[PDB]
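Worksheet: one structure, shown below.
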Number of protein chains: 2
Amino acid sequence: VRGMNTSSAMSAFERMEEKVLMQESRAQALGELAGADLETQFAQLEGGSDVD
Amino acid sequence: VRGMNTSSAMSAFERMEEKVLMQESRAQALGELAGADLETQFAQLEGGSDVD
């Protein structure tokens with residue numbers, strides 16, 4: 001309850017959150033870097049021209 | 001009766017009281033440290049809100 005050194009629930013939460021946060025943030029951040037390209041924003045305008 | 005060095009009753013009482021006092025006090029004291037958290041006192045208010 002007080003959280004001795006290897007209290008299985010608390011220790012597991014720590015180890016999972018290390019993976020969980022790093023992976024998810026990497027994917028969002030690298031996804032925004034891959035999506036940063038100006039020509040891709042031009043592809044949204046192109047999709048507008050194409051549908052019209 | 002006068003309590004010679006290893007008088008079995010008196011010597012046993014000493015050895016038991018060493019365990020008995022230490023263990024029980026540890027459990028009460030560590031239990032008060034585990035119960036010290038303010039959010040647990042908020043859980044009493046939460047139980048009041050929940051029942052009402």
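Helix A:8-34 and the longest principal axis of the Cα set of chain A meet at an angle near 10°.
Rounded, prolate or oblate, given the Cα gyration tensor of the protein assembly as shown, with a/c below 1.5 counting as rounded? The shape class here is prolate.
Kirkwood radius for chain B, taken over all pairs of different Cα atoms as the inverse mean of 1/r, rounds to 14.6 Å. The mean number of Cβ atoms from other chains found within 10 Å of a Cβ in peptide B:40-52 is 0, as a whole number.
Ideal geometry is used to build each Cβ from the backbone, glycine not excepted, and the neighbour counts take in all protein chains shown. Quick note: the coordinates plus some simple rules give every number you see, no bench work behind them.
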